[PDB]
Every structure is written in C-alpha cells, then in structure tokens.
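Enquirer: This is the structure I have questions about; it appears just below.
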Amino acid sequence: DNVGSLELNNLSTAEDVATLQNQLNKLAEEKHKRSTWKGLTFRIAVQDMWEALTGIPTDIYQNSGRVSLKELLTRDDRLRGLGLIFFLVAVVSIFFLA
Amino acid sequence: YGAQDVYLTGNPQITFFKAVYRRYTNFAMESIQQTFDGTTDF
Amino acid sequence: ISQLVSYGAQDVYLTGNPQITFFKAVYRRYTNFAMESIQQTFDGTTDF
Amino acid sequence: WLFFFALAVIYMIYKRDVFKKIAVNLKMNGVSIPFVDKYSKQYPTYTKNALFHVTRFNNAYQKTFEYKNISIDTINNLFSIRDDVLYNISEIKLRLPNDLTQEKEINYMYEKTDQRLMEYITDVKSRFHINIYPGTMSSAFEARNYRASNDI
Amino acid sequence: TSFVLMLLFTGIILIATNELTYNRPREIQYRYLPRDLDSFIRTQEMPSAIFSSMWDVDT
Amino acid sequence: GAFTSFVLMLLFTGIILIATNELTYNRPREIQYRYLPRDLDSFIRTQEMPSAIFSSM
C-alpha cells in the first residue's frame, strides 16, 4: 500500500538531477536483482545458506511476524539457501555412494 | 537518497471545512525545580 | 542595497538554495460555498 | 488449534481403517519446574495446584516466542501466573510444623522456583524490550553472592 | 536412497534457477507533487517529517 | 528404471527451466512512485494562476 513515497523537504533538485537520480536508482535495484539472479557469488551463496538455516525455523516457529508459507519460503531469498544446502548434500552424497 | 520523507496516501478531500489534524509524537511536560550554586541574593 | 550585496557563507542557513518565496503568494485549493443565517426554533417554553 | 500426528508407515496391506475422530492431547512444556516434590504426600492440595499453575506458566512462556504475542499483557499474564505458582508453594510453607529443617527446605523450593520463574519472565521482558516489574523486587532473584541481613 | 537423490539433484537445479519469481519493486519513476500538497509545503504551518504515517494528500 | 527416471527428470527440468525464463522475462515490472517537490524557480514558473480558484467568479 506504501506505493507512493514522498520526500517532503525542498531539495530544490532540478529536472536533470531527477533524471540522474532515477538512472542511479534503476541501476541500484538492477544490481540488487542481479545479486539474486543466476549471476550469484560464492560468498553470497554461503551467506544465503546461513540465512536459510537461521530463517526457515525462525518463521515456522512464527518467531518474528505472522507470515504465510509462500512468503517464508521466499521472503528473504531463503529458497536460494535451501536449494544450495540441498545442492551440497546431494553432491556429497552422490560422491559417497560411488 | 531520502533526507526527510513520508509515504504518500492519495485520498480525495473536501476542499475545505474538514479539520485535518496531523499526528504527533508521544511527549509530556513537567515543571522541575533546579537548584542554585552560590548565594541567591542581591 | 548593501544588505543584499553582503550575502556570505554564514548566511547559507538563512538563504542559499531558495527553498521558500515571500514575494509570491500561494493559495490552497479553494471551493465555492455560501453561508446563510437561519433561524431555528424552540420546542417547549423559552423562559426561566 | 489442534494437531493430530499420523504416522504413514505401511509394512504390508493397504486395507486401512481411517481414524476420522479427534484425539488430540496437549504436551507438557518441560521448562521452569519446581525443585522439590517430596511434599506431594503431605500437601497434595498445594503440590498439584502449584504444578497446574506451573504448567500454565510454561505454556504461557512458550507462546512468548510468537512475535504477535509481544506486549505488556503477555508479560503481565506471566507475572500473574508466577504469583499463583508461588502462592501455592507459600501456602505449603505456612502449613509446615515447627521444624526448621522443613522450613529451610520449602524455602529452598520457594526461592529457587521463583528464581527460575523470574529468570524466564525476565527473559521475555528483556527480549520484548518492555521493562516492567510488578513483582515488588522479589528478593529471591537479582541478588547473588550477597544476602540482606534478613534470613531464616 | 539413489532415486530420491537424483530427485534431489533435479530439485536443487530447478530451485536454484527458479528464484526469479518474487522480488522488491523494480522500476522507480519520479513524478512532481500534486499542486495542493506542494503548495502546502512551501508555506508556513509545515512541521518536520517523520519518514512514515502515510500523509493524506488531495486529489 | 533409474535411467528412465533420470532422463525423464532432465527432460521435465529443461522444459520447466526454459519456460520459466520466458515468463520471467515477461514479468510485469512493479513500479513505485517517488515524489520530489518542485524547485522554487520551476514552482513559480508553473504555479497555478488565481484563475484556478475562479469558482467564486
């Protein structure tokens, strides 16, 4: 519902400055998305795995706030961590059975 | 960047004759006596 | 005029980015209405 | 809320009956349990009443990890219950014979039980960031390595 | 547990790729204030902002 | 049995992956509205004339 976001203070920013800031924002959240797309990072992967391990029990125990199942499997990119944990266990298990 | 901002709600208003009372912080005032260091005289 | 000329660094807090104008009035959205004084009457005796 | 756990194990034979009825019992929350139960044979009344209230305390406490329950009422509920547990223990103390070895042991029960109840209510107090203590600074808690000149 | 393990390999690949379904708001657009509130700002009787409270605005 | 399950799993996986990428490309970009006040010069230039309140006349 917080669709409209306003900065009340008179920044006195002109039209070109608004365009520059808009471009900066578009780049910022474009990179933010790119931090979660197929272009990941090993450090990001480990951080997301730890976040999943600390968050999936957290929301199922209803620790922080009311949150539905679809949200709490996805709210903080937790499905990435779940997938990478299952990745590691699957690889270390297929290697062992050999 | 976001220095002093609010979320913004569209809501048609009566142009006038509606008192719009804007919400404030939870504060309270008390008169508290302070004491003097040194003689308080002429 | 010297007062205007004098603008310095210390005045950046009063004037600088011209955030408000004193010389150009602004108005709030205004609508059309009218007032009339209309008598109401009393149900029951109006006395001491 | 109820939940009935079904164990989906089939050794052989799929011609299963279905239990469509509700048979959900509640479990004990094994936290904050009074220290001495030797009195259960002498004061059945108070021993079981205190344990009832303890169970209630413990259920009330486990619910504190649900954020939605965050608030003053939650903490005050626990203080009220805390007093009911201690009330029944105190009623045992008040009914002991003039035997100071029983007085010391029930006092042990009382104060230590209070230290546990109080530690847990201060647990939730702290994490909810609500600093209220309508428990008249019970002497059982906070003080460590020192006691006031007032004892048995 | 080899069959379920291959199922896990399938699931890990699929889930690791499939994240791009839910995300924060994506595109930022900047629009000038409506006349009423902008004119209200640039006059007196303007208190400081709080970063919240979803200010009501005329239409 | 294991090989058939494996190849069917890879086929279904590829079908889901390729299809999902196209749908992700056709994602309705949620847009948030940030409002910035007009600069004083621009405000004076584009300020509404008192005829905008001509309802009294």
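Following the order of the structure tokens, first chain is A, next is B, and so on, with residues numbered from 1 inside each chain and ligands from 1 in the order they appear.
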What residues in chain B have any atom no more than 7 Å from chain A when counting only C-alpha atoms, and can you write them as a PyMOL selection string?

Expert: chain B and resi 2-9

Enquirer: Residues of the last selection are to be written out with C-alpha atoms, as an mmCIF file, in the first residue's frame.

Expert:
data_model
loop_
_atom_site.group_PDB
_atom_site.id
_atom_site.type_symbol
_atom_site.label_atom_id
_atom_site.label_comp_id
_atom_site.auth_asym_id
_atom_site.auth_seq_id
_atom_site.Cartn_x
_atom_site.Cartn_y
_atom_site.Cartn_z
ATOM 1 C CA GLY B 2 15.857 10.226 1.104
ATOM 2 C CA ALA B 3 16.527 13.020 3.679
ATOM 3 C CA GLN B 4 13.052 13.915 5.137
ATOM 4 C CA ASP B 5 10.323 11.920 3.579
ATOM 5 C CA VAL B 6 6.965 10.283 4.096
ATOM 6 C CA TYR B 7 4.897 7.597 2.454
ATOM 7 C CA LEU B 8 2.166 9.256 0.462
ATOM 8 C CA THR B 9 -1.580 8.376 0.544
#

Enquirer: Taking only residues of chain E that have an atom at most 6 Å from an atom of chain A, what is each one's shortest atom pair and its distance in Å to one decimal, using only C-alpha atoms, in chain and number order, as a tab-separated table?

Expert:
residue	atom	partner	partner_atom	distance
E:12	CA	A:83	CA	4.9
E:15	CA	A:83	CA	5.7
E:16	CA	A:83	CA	5.4

Enquirer: Using only C-alpha atoms for the distances, tell me which of B:1, B:42, B:24, B:16 is nearest to chain C.

Expert: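 So, comparing all the options, the nearest one is B:16.
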
Enquirer: Using only C-alpha atoms, determine which residues of chain D fall within 10 Å of chain A; present them as an MDAnalysis selection string.

Expert: chainID D and resid 63:70

Enquirer: Please determine the contact residues of chain F with respect to chain B at a cut-off of 10 Å, counting only C-alpha atoms, and supply them as a ChimeraX atom specification.

Expert: /F:33-36

Enquirer: Would you output that residue set with N, CA, C and O atoms, as a PDB file, in the first residue's frame?

Expert:
ATOM      1  N   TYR F  33       6.263   4.953  -6.872  1.00  0.00           N
ATOM      2  CA  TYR F  33       6.213   6.371  -7.212  1.00  0.00           C
ATOM      3  C   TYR F  33       6.916   7.173  -6.125  1.00  0.00           C
ATOM      4  O   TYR F  33       6.422   7.260  -4.996  1.00  0.00           O
ATOM      5  N   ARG F  34       8.060   7.759  -6.464  1.00  0.00           N
ATOM      6  CA  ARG F  34       8.735   8.703  -5.587  1.00  0.00           C
ATOM      7  C   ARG F  34       8.483  10.125  -6.067  1.00  0.00           C
ATOM      8  O   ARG F  34       8.706  10.446  -7.237  1.00  0.00           O
ATOM      9  N   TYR F  35       8.021  10.973  -5.154  1.00  0.00           N
ATOM     10  CA  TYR F  35       7.639  12.339  -5.470  1.00  0.00           C
ATOM     11  C   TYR F  35       8.680  13.302  -4.918  1.00  0.00           C
ATOM     12  O   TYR F  35       9.094  13.186  -3.761  1.00  0.00           O
ATOM     13  N   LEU F  36       9.099  14.250  -5.749  1.00  0.00           N
ATOM     14  CA  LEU F  36      10.056  15.275  -5.368  1.00  0.00           C
ATOM     15  C   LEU F  36       9.439  16.648  -5.578  1.00  0.00           C
ATOM     16  O   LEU F  36       8.820  16.903  -6.614  1.00  0.00           O
TER      17      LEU F  36
END
